[PDB]
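Protein chains in written order, with the deposited numbering: chain q2, 2 to 76; chain a3, 180 to 268.
This report refers to the structure that appears directly beneath it.
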Amino acid sequence: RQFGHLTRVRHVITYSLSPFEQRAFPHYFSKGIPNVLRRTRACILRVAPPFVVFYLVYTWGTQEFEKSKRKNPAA
Amino acid sequence: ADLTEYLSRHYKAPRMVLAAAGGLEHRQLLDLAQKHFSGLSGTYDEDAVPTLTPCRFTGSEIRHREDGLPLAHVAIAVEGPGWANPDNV
């Protein structure tokens, strides 16, 4: 793949500014923190119900291990 | 009205130059300018004086992607030195 024959684009103006006259972290603790909280909102409903189900099965597995290796009969 | 404001605020006597080049003497030109340009201006509308501001050169790129054209134009530019400095020359 070379660089220049990818597609045909009209009707587009791209503005952009130099790296120097703009700053490093514009409103970093002002917008990036609601940014990451919104990103976490978009996922955890469909990320966590695997992991907590795994977790309860893990607790139950160790539970069955201990209560079925330690038996306490009647004798 | 805005035209008349612009005409009023920028067609003023001291800033502007009448200059001739050719086969003619300075006395003739001075006398004709005395007989015609006596009476244009010299005072602003309540001292609303236009004044220069030495602005700032940003440095950036604007790229207008428009592929239905035969050739591509690039202009690259940096700071201007000014006038009176010899770095001009």
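No residue lacks a Cβ here, since even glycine has one placed at the ideal position from N, Cα and C.
query, result
"Beta carbon of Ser-220 (chain a3) nearer than 7 Å to that of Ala-192 (chain a3)", "yes"
"Opposing strand residues paired with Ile-241 (chain a3) [DSSP bridges]", "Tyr-16 (chain q2)"
"Endpoints, alpha helix (DSSP H) assigned at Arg-188 (chain a3)", "181-189"
"Residue range of the unbroken alpha helix (DSSP H) whose run includes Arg-42 (chain q2)", "29-42"
"DSSP-derived helix/strand/coil call for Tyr-223 (chain a3)", "coil"
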